[PDB]
C-alpha cells in the first residue's frame, strides 16, 4: 500500500477528491490519501507544509488553488511555488478526442510537454521608477535540455513519431533560439522521432484549423499557457483533460487547467473525467498499471454514453451519477 499526499484545493476540488476516494475504494486500490490543506492566507506556512508532505510521500493528487490577482506582488502563486520547490520541470498534458464528446474537430491526439520551473516562473518584477514596471525572465541550457530530453523519451516510449518544438525564436533570438538548439541536440540522439519546429503564433492558427498534424509538442514556460488551453478547448474543455507534473524524484497530478470552478462548486455538476484521469496517470507513475487501466477504461466507456455527460459538455447528468457509472464499469471487470 502506497501513501499519497492529497491537496483538496478550492472550488470543485474537495468534492472531486471525495469521488476519487470513492472510485479507489471500489476498485480496491492500494493507496491511502494523506490530506494537507492550502488556504487563502497571505502567510506561506500552509504551502511550505504541503511541500514537506510531498518530499516524504513523493507523489500527490491535487485540486486547484484559488489565485487572487488583487493581492500584493509579495504573494506569489501557491501552485507555482509548489512546482519550483519540488523541481517538477515536466508539465505533461494529453489532449485526445473522445468519440462520444462531439466538438468542432475530430482525431486530435496531442501530448504537450511544457517546461515547468523556468521562464515565466522565474519572473522578477520591479517598479524602480514610478509608473514603469520591468520584468526579467530566464531561459537556460540546462533546463531546456532536460525538458527536450523528457519530451523525446516520452515520445519514444509511448510509440509516438513526431516532436514539434513550439517557440518564438524569430523574435526572442537568444532565449528561444537557445531552447530550439537544445531540442536539436536531443533530436540527434533520437533518430526514430521526426523533429520539427513551429512559431507559437503559427501553432495557435494551425490548432484551430488542422490540429490533427500535431503529435508531441515541447515548449518553454512562455506565452501564457495559450497552447495547453487551446488544445484543452478543442477536445471539449477543462472537464476532460488531465495534467501531470514530473521531477526527477517527485510527481504531482491534477486537471490540465487551473480553473477552480468556484461558481459551480457544491452543486453536483462538475465533470469528474479530468480528475479521474489524473488519478490514473498517478497510478501509472506508482507502477499500479492494472488499477490505472481498470479506472481509465471505466471513465472512457462512461464518456461514450451521453446520458452520463455533465453540463460542461452539453449533458444533463450529475457528478455522482457519472461516478456511479464509472464504479459500475469497474465492478464488471
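Positions refer to the first chain, counted from 1. Only the largest set of C-alpha atoms that superpose within 1.5 Å between the two forms is called the rigid core.
Here 232-240 and 123-131 are scored by the root mean square distance of their C-alpha atoms in 7 other deposited structures of this protein, with each structure fitted by the rigid core; the higher score goes to 123-131.
Rigid core superposition in 7 other deposited structures of this protein puts the Cα atoms of one stretch, out of 190-198 and 143-151, farther from the shown form on average, and that stretch is 190-198. Mean CA temperature factor is higher for 73-81 when stretches 73-81 and 222-230 are set side by side in the entry. Across 192, 255, 144, 197, the entry's maximum B-factor at the CA atom is seen for 192.
The deposited CA B-factor of residue 41 belongs to the highest third of values across its chain.
Compared with the other modelled residues of the chain, the Cα B-factor recorded for residue 109 ranks in the middle third. Among all modelled residues in this chain, the alpha-carbon of residue 267 has a temperature factor (C-alpha) in the middle third.
The deposited CA B-factor of residue 99 belongs to the highest third of values across its chain. Per the deposited record, the Cα B-factor of residue 273 falls in the lowest third when ranked against the other modelled residues of its chain.
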